[PDB]
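Asks: Okay, handing you the structure first.
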Amino acid sequence: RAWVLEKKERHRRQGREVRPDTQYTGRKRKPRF
Amino acid sequence: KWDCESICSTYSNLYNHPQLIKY
Amino acid sequence: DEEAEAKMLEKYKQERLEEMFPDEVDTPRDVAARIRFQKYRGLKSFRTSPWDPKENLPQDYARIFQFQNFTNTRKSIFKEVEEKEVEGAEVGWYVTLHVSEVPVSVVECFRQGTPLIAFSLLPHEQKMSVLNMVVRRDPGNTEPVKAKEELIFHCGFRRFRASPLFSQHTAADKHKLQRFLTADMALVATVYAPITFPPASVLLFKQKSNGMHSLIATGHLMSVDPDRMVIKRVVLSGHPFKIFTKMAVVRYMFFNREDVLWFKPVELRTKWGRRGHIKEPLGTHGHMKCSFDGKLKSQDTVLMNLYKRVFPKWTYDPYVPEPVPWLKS
Amino acid sequence: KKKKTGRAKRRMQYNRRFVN
Amino acid sequence: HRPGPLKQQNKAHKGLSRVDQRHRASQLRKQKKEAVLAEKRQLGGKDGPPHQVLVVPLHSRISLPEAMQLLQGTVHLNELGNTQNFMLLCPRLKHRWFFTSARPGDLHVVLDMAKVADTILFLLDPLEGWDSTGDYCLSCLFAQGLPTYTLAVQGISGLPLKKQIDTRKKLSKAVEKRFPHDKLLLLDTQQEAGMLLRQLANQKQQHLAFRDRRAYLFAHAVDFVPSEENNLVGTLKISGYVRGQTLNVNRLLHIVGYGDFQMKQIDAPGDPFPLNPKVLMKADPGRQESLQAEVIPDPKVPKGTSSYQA
RNA sequence: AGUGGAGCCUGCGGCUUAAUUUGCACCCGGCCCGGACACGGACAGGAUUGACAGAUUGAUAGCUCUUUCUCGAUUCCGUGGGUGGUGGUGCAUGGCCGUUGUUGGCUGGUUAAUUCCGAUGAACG
RNA sequence: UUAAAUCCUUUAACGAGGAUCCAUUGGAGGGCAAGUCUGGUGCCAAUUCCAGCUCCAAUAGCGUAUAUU
């Protein structure tokens, strides 16, 4: 999740539109088969 | 005198040991 | 007749309470909370706090066995059975075995038509110890199963009736007791049983009134060690009726005054994540002043966790009644 | 209730998307 | 901290033949095929125990006696109080069978005859797959552990022809949710019975680890010698074929519903049903024989003054 | 010039305490009352209301503990993870204040006293 | 129809409201299509694991691995 936070801060510094930061930033949606 | 943490001082851990099977 | 229906309804009520409020127990208004909860302690963190595996062992653990290295013992016995050639009857020979002291009932059973099989035990497999077996509930049976009621265990060619304990299947050092067998995940049944080396399948049956055994579980014998400890957890609830800045006055968790003094060294917590510590009793009615990390809302409920090491009950019965043939209700 | 399938699901998606 | 131009930064200075493979593969194939041949010959032949087949009907419309008559090369019809377990000899095909049968729901019977079965023959009816009793039995059997199994259907030819193919297709779907990739054989005639026996004899055996690591036997004959009849306790003579490992009498013998015991003697009478047509070899003595100890063998104040004022 | 030394007083901590409230709020005892909905119970064989006297009580009291007199459907017991209402709170919302000149017009008691209390309008810009 | 049949086609009869005669497979709260969501469970409000809701894509089909273009 911290990796996603760093990438979103990267995209913020680059000046493009970034999703607002919430509690669902990095969370596994499901197991993958 | 005693409370729920310090009473744990009077508990022993060496009486009812099961038989130990060696290797 | 109808008392069975009343008990079934009461068990259903307890099951829904347990799934809705896990371990919250109301404080008894008549008995002191430092007496009914005398054999309890508090843990700062359930996973990381220590607990001695040899502490306060009952009379029952004076009667069982334990392996110094169960992994190496399995390796030794299995290499001995695959490598060494024992001077005995070899596979395929039609042998007759004279076995000494057996009741006549099996002979009668053999003229009924019941299959009678035998198997030779591995070394150390007749001695009793604590069997930890992993189970999961099949959806065919949805009746409530309480933690320490008697069940029929099929484990590795062996049938026996006994009363287990249900524990969480986690990777931590100590595991929380499950008071009910929840039908969504895998749990651990802990029981007194003779030693059996894994792999072995684990069938759990519940005896119905009409004589049928209903299947409730399925799984494998995880391990044979009494060092696995079950931890019964009791949660006491309190109402913070006066709120201040980083300070609260809490009632209804205790009722005596020395109950507050007895349970002072246990860290408190709330339903909304805010932790805190209990400062001091107010007086004569169980009211307490507590210091938290933040402000508390009026709808919040203060919670307290108490832990006690629980152990299985010695109800080993090598007799299982022969059922009537099963039919769908 | 049930969702529509086939040509009807696409007709519904079109009515939502381009009609209004 | 990012140093600027006034800070000193210096840029770094950059500085087997074809025949050999064929013969090796030949050697590996010959090794593996020899090992598989030994493994397939040990079971059901003249040097091994009989191939034990447990027949389980999974529905109520299934006539089990008709199936057992189709399954019976001479037959030695052993019989008990209710069940009919029979020995079968096919020296034309060179195989020895022991056929047991069990009704679903009879928990101890099906679980015991499935924990000593080499193969399980499930029976089906054309219309439905299995009963709810069949579903319950299959759940217990899957959870205990399955040996190799085969699926046979009984009443396809009883149907009108114009539906039969389609009926079989439907049945396949009803099977596929529990037996996904398994062939549905038909058991209606003697010819199909021989085809089913051939499929049984030559098939990849599933191996169950628990019974493979221990010595077990299914009692073919049980005799009782009561030492004192009024004591209701005596010696058992249990006769059967050793199955799992080498049977050593210096270890305890557990009978499944009745607990473990100390066994005394092993004699080896003649095989009553050999494939192609009284001596005792072992002794008891307790110098190394384990003992059946499941539990540890080692055993100034005035009258009206309050407690406050005091 | 002192304070920090000493005695006393006071403020935060800490210690005792039932409370030594807190960034009369605190403590020890005694009153008052505390939904409907659903379902199952009791109820004119009587549901339920009021009550003298005595007592318990730190004190008295049908608001309590005895003893029966009256009122009669104005009912009262239990279980729900079902709402909730004398609830607290924000928004749109209709009416209504204040907000950003000029000229007129006496039964009663009481005091030094037209003293005191007591009854008792108009236009113009 | 066909060697004989099956299927398809052709035709009587019965056969549709929750027309329950009930479409799936995957992905989205870091970039191409698509999230200011909810509840459990642990660590010191952030934060592991689990279950959902909402949305998007193609559709009797749709994911995955491996090789290749």
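Please note that chains go A, B, ... in the order of the structure tokens, that every chain numbers its residues from 1, and that ligands are numbered from 1 in the order shown.
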For the interface of chain C with chain B (cut-off 9 Å, counting only C-alpha atoms), please tabulate each contacting residue of chain C alongside its nearest pair of atoms and their separation in Å to one decimal, rows sorted by chain and increasing number, as a Markdown table.
Replies:
```
| residue | atom | partner | partner_atom | distance |
| --- | --- | --- | --- | --- |
| C:34 | CA | B:4 | CA | 8.4 |
| C:38 | CA | B:4 | CA | 7.7 |
| C:39 | CA | B:4 | CA | 8.6 |
| C:40 | CA | B:4 | CA | 7.2 |
| C:41 | CA | B:4 | CA | 5.8 |
| C:42 | CA | B:5 | CA | 7.5 |
| C:52 | CA | B:13 | CA | 7.6 |
| C:53 | CA | B:13 | CA | 8.2 |
| C:54 | CA | B:13 | CA | 5.0 |
| C:55 | CA | B:13 | CA | 4.0 |
| C:56 | CA | B:13 | CA | 5.8 |
| C:57 | CA | B:16 | CA | 5.3 |
| C:58 | CA | B:16 | CA | 6.5 |
| C:59 | CA | B:16 | CA | 6.7 |
| C:60 | CA | B:16 | CA | 8.4 |
| C:61 | CA | B:18 | CA | 5.6 |
| C:62 | CA | B:16 | CA | 5.1 |
| C:63 | CA | B:18 | CA | 6.8 |
| C:64 | CA | B:18 | CA | 5.5 |
| C:65 | CA | B:19 | CA | 4.7 |
| C:66 | CA | B:20 | CA | 4.8 |
| C:67 | CA | B:21 | CA | 4.6 |
| C:68 | CA | B:22 | CA | 5.2 |
| C:69 | CA | B:23 | CA | 6.5 |
| C:70 | CA | B:23 | CA | 8.5 |
| C:72 | CA | B:23 | CA | 7.0 |
| C:73 | CA | B:23 | CA | 6.2 |
| C:76 | CA | B:23 | CA | 8.4 |
| C:129 | CA | B:18 | CA | 8.8 |
| C:226 | CA | B:18 | CA | 8.5 |
| C:261 | CA | B:3 | CA | 7.0 |
| C:262 | CA | B:3 | CA | 4.3 |
| C:263 | CA | B:4 | CA | 5.7 |
| C:264 | CA | B:3 | CA | 7.5 |
| C:265 | CA | B:5 | CA | 6.4 |
| C:266 | CA | B:4 | CA | 8.0 |
```
Asks: Please save N, CA, C and O atoms of the selected residues as a short mmCIF file (atom, residue, chain, number, x, y, z; two decimals), in the first residue's frame.
Replies:
```cif
data_model
loop_
_atom_site.label_atom_id
_atom_site.label_comp_id
_atom_site.auth_asym_id
_atom_site.auth_seq_id
_atom_site.Cartn_x
_atom_site.Cartn_y
_atom_site.Cartn_z
N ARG C 34 -13.75 -10.23 40.92
CA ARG C 34 -12.42 -10.74 41.19
C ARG C 34 -12.43 -12.16 41.72
O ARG C 34 -11.37 -12.70 42.03
N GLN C 38 -11.34 -14.93 38.79
CA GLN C 38 -10.08 -15.02 39.51
C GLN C 38 -8.98 -15.60 38.64
O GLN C 38 -7.86 -15.07 38.59
N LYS C 39 -9.28 -16.68 37.93
CA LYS C 39 -8.29 -17.39 37.12
C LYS C 39 -8.21 -16.79 35.72
O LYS C 39 -8.34 -17.46 34.71
N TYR C 40 -7.99 -15.48 35.67
CA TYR C 40 -7.91 -14.76 34.42
C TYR C 40 -6.77 -13.76 34.51
O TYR C 40 -6.40 -13.31 35.59
N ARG C 41 -6.21 -13.43 33.35
CA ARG C 41 -5.16 -12.42 33.27
C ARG C 41 -5.41 -11.59 32.02
O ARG C 41 -6.21 -11.96 31.16
N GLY C 42 -4.73 -10.45 31.93
CA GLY C 42 -4.86 -9.57 30.79
C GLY C 42 -3.59 -9.60 29.96
O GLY C 42 -2.50 -9.77 30.49
N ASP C 52 3.63 -19.12 29.26
CA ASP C 52 4.46 -20.30 29.46
C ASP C 52 3.64 -21.54 29.14
O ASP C 52 2.56 -21.72 29.71
N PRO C 53 4.10 -22.40 28.22
CA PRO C 53 3.33 -23.61 27.91
C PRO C 53 3.27 -24.62 29.04
O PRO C 53 2.39 -25.49 29.03
N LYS C 54 4.17 -24.55 30.01
CA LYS C 54 4.20 -25.51 31.11
C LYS C 54 3.48 -25.01 32.36
O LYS C 54 3.50 -25.70 33.38
N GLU C 55 2.83 -23.85 32.30
CA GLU C 55 2.28 -23.21 33.48
C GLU C 55 0.90 -23.75 33.81
O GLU C 55 0.02 -23.79 32.93
N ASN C 56 0.70 -24.16 35.06
CA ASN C 56 -0.58 -24.61 35.61
C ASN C 56 -1.17 -25.78 34.82
O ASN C 56 -2.23 -25.68 34.21
N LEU C 57 -0.46 -26.88 34.85
CA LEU C 57 -0.95 -28.01 34.09
C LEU C 57 -1.82 -28.89 34.99
O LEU C 57 -1.49 -29.09 36.16
N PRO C 58 -2.92 -29.43 34.48
CA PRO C 58 -3.90 -30.09 35.35
C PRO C 58 -3.46 -31.49 35.72
O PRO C 58 -2.35 -31.94 35.41
N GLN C 59 -4.35 -32.20 36.41
CA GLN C 59 -4.11 -33.61 36.69
C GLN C 59 -4.11 -34.44 35.42
O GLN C 59 -3.38 -35.43 35.32
N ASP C 60 -4.91 -34.03 34.42
CA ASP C 60 -5.01 -34.78 33.17
C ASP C 60 -3.69 -34.82 32.43
O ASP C 60 -3.33 -35.87 31.89
N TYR C 61 -2.94 -33.72 32.42
CA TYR C 61 -1.63 -33.74 31.77
C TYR C 61 -0.61 -34.55 32.55
O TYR C 61 0.49 -34.79 32.03
N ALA C 62 -0.92 -34.97 33.77
CA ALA C 62 -0.07 -35.94 34.43
C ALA C 62 -0.24 -37.35 33.88
O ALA C 62 0.54 -38.24 34.23
N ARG C 63 -1.24 -37.56 33.02
CA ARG C 63 -1.60 -38.89 32.53
C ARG C 63 -1.24 -39.12 31.07
O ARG C 63 -1.44 -40.23 30.57
N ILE C 64 -0.73 -38.11 30.37
CA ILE C 64 -0.53 -38.21 28.93
C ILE C 64 0.96 -38.17 28.60
O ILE C 64 1.79 -37.95 29.48
N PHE C 65 1.28 -38.37 27.32
CA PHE C 65 2.65 -38.42 26.84
C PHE C 65 2.93 -37.21 25.95
O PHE C 65 2.02 -36.48 25.54
N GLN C 66 4.21 -37.02 25.63
CA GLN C 66 4.64 -35.86 24.86
C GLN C 66 5.92 -36.22 24.13
O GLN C 66 6.76 -36.96 24.64
N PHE C 67 6.08 -35.67 22.93
CA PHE C 67 7.23 -35.95 22.08
C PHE C 67 8.25 -34.82 22.22
O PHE C 67 7.90 -33.64 22.14
N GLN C 68 9.52 -35.19 22.43
CA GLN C 68 10.58 -34.20 22.45
C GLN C 68 10.79 -33.60 21.07
O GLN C 68 11.03 -32.39 20.93
N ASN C 69 10.72 -34.43 20.03
CA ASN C 69 10.79 -33.94 18.65
C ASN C 69 9.87 -34.83 17.83
O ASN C 69 10.27 -35.93 17.41
N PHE C 70 8.64 -34.37 17.61
CA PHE C 70 7.65 -35.17 16.90
C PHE C 70 8.00 -35.33 15.43
O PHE C 70 7.73 -36.37 14.83
N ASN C 72 11.11 -35.43 14.09
CA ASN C 72 12.17 -36.42 13.97
C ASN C 72 11.69 -37.80 14.38
O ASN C 72 12.20 -38.80 13.86
N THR C 73 10.72 -37.89 15.29
CA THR C 73 10.16 -39.20 15.63
C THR C 73 9.39 -39.79 14.47
O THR C 73 9.50 -40.99 14.19
N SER C 76 12.01 -40.96 11.99
CA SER C 76 12.65 -42.20 12.41
C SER C 76 11.73 -43.40 12.20
O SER C 76 12.16 -44.42 11.64
N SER C 129 -2.39 -38.91 24.34
CA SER C 129 -1.85 -37.56 24.36
C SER C 129 -2.94 -36.63 23.84
O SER C 129 -4.12 -37.00 23.81
N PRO C 226 0.53 -31.64 23.43
CA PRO C 226 -0.22 -30.86 24.42
C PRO C 226 0.27 -29.43 24.60
O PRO C 226 -0.40 -28.66 25.29
N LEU C 261 -9.84 -2.36 41.67
CA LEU C 261 -8.44 -2.43 42.08
C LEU C 261 -7.79 -3.73 41.63
O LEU C 261 -6.59 -3.75 41.32
N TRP C 262 -8.55 -4.82 41.61
CA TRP C 262 -8.00 -6.10 41.18
C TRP C 262 -7.62 -6.08 39.71
O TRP C 262 -6.57 -6.60 39.32
N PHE C 263 -8.46 -5.49 38.87
CA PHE C 263 -8.27 -5.49 37.43
C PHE C 263 -7.68 -4.18 36.91
O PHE C 263 -7.93 -3.82 35.76
N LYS C 264 -6.93 -3.47 37.74
CA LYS C 264 -6.23 -2.27 37.28
C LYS C 264 -5.15 -2.52 36.22
O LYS C 264 -5.11 -1.75 35.25
N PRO C 265 -4.26 -3.52 36.32
CA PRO C 265 -3.17 -3.60 35.33
C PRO C 265 -3.56 -4.07 33.94
O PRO C 265 -2.67 -4.39 33.15
N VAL C 266 -4.84 -4.15 33.59
CA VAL C 266 -5.26 -4.60 32.27
C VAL C 266 -5.61 -3.39 31.43
O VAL C 266 -6.44 -2.56 31.84
#
```
Asks: At a cut-off of 10 Å, using only C-alpha atoms (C1' of nucleotides), what residues contact residue 44 of chain F? Leave out same-chain residues fewer than 3 positions from it and give the result as a PDB file with N, CA, C and O atoms (P, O5', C5', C4', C3', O3' and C1' of nucleotides), in the first residue's frame.
Replies:
```pdb
ATOM      1  P     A F  47     -58.708  -8.405  40.360  1.00  0.00           P
ATOM      2  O5'   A F  47     -57.625  -7.965  39.279  1.00  0.00           O
ATOM      3  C5'   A F  47     -57.084  -8.906  38.363  1.00  0.00           C
ATOM      4  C4'   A F  47     -56.897  -8.296  36.997  1.00  0.00           C
ATOM      5  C3'   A F  47     -56.045  -7.037  36.951  1.00  0.00           C
ATOM      6  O3'   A F  47     -54.654  -7.302  36.933  1.00  0.00           O
ATOM      7  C1'   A F  47     -58.045  -6.658  35.766  1.00  0.00           C
ATOM      8  P     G F  72     -67.489   2.191  40.109  1.00  0.00           P
ATOM      9  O5'   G F  72     -67.262   2.046  38.541  1.00  0.00           O
ATOM     10  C5'   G F  72     -67.127   0.765  37.937  1.00  0.00           C
ATOM     11  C4'   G F  72     -65.738   0.551  37.392  1.00  0.00           C
ATOM     12  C3'   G F  72     -65.610  -0.586  36.386  1.00  0.00           C
ATOM     13  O3'   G F  72     -64.591  -0.265  35.443  1.00  0.00           O
ATOM     14  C1'   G F  72     -64.274  -1.058  38.282  1.00  0.00           C
ATOM     15  P     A F  73     -64.964   0.542  34.104  1.00  0.00           P
ATOM     16  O5'   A F  73     -63.618   0.519  33.257  1.00  0.00           O
ATOM     17  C5'   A F  73     -63.639   0.217  31.868  1.00  0.00           C
ATOM     18  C4'   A F  73     -62.358  -0.445  31.430  1.00  0.00           C
ATOM     19  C3'   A F  73     -62.452  -1.252  30.140  1.00  0.00           C
ATOM     20  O3'   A F  73     -61.196  -1.204  29.466  1.00  0.00           O
ATOM     21  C1'   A F  73     -61.842  -2.680  31.913  1.00  0.00           C
TER      22        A F  73
END
```
Asks: Could you write out, as an MDAnalysis selection string, all the residues of segment 22-265 of chain C that DSSP marks as alpha helix (DSSP H)?
Replies: chainID C and resid 33:36 70:83 105:112 258:262
Asks: Excluding residue 34 of chain G and residues on its chain fewer than 6 positions from it, collect all residues at most 8 Å away from it, counting only C-alpha atoms (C1' of nucleotides), and give them as a PyMOL selection string.
Replies: chain G and resi 28+55-56
Asks: Would you export the selected residues with N, CA, C and O atoms (P, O5', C5', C4', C3', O3' and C1' of nucleotides) as a PDB file, in the first residue's frame, please?
Replies:
```
ATOM      1  P     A G  28      -8.057  -5.214 -11.167  1.00  0.00           P
ATOM      2  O5'   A G  28      -8.538  -3.808 -11.720  1.00  0.00           O
ATOM      3  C5'   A G  28      -8.462  -2.656 -10.911  1.00  0.00           C
ATOM      4  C4'   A G  28      -9.580  -1.694 -11.202  1.00  0.00           C
ATOM      5  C3'   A G  28     -10.070  -0.913 -10.006  1.00  0.00           C
ATOM      6  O3'   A G  28      -9.241   0.190  -9.723  1.00  0.00           O
ATOM      7  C1'   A G  28     -11.916  -1.781 -11.179  1.00  0.00           C
ATOM      8  P     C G  55     -24.438  -0.006 -10.320  1.00  0.00           P
ATOM      9  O5'   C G  55     -23.201   0.347 -11.254  1.00  0.00           O
ATOM     10  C5'   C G  55     -22.657   1.656 -11.268  1.00  0.00           C
ATOM     11  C4'   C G  55     -21.228   1.657 -11.749  1.00  0.00           C
ATOM     12  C3'   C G  55     -20.967   0.929 -13.054  1.00  0.00           C
ATOM     13  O3'   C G  55     -21.284   1.717 -14.184  1.00  0.00           O
ATOM     14  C1'   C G  55     -19.327   0.326 -11.461  1.00  0.00           C
ATOM     15  P     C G  56     -21.742   1.025 -15.554  1.00  0.00           P
ATOM     16  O5'   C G  56     -20.381   0.505 -16.185  1.00  0.00           O
ATOM     17  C5'   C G  56     -19.338   1.406 -16.526  1.00  0.00           C
ATOM     18  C4'   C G  56     -18.102   0.659 -16.955  1.00  0.00           C
ATOM     19  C3'   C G  56     -18.313  -0.412 -18.009  1.00  0.00           C
ATOM     20  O3'   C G  56     -18.391   0.110 -19.319  1.00  0.00           O
ATOM     21  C1'   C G  56     -16.969  -1.275 -16.270  1.00  0.00           C
TER      22        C G  56
END
```
Asks: Near chain B, which residues of chain E fall within 12 Å when you count only C-alpha atoms, and what do they look like as a list in words?
Replies: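 Output check: residues 295, 296, 297 and 298 of chain E.
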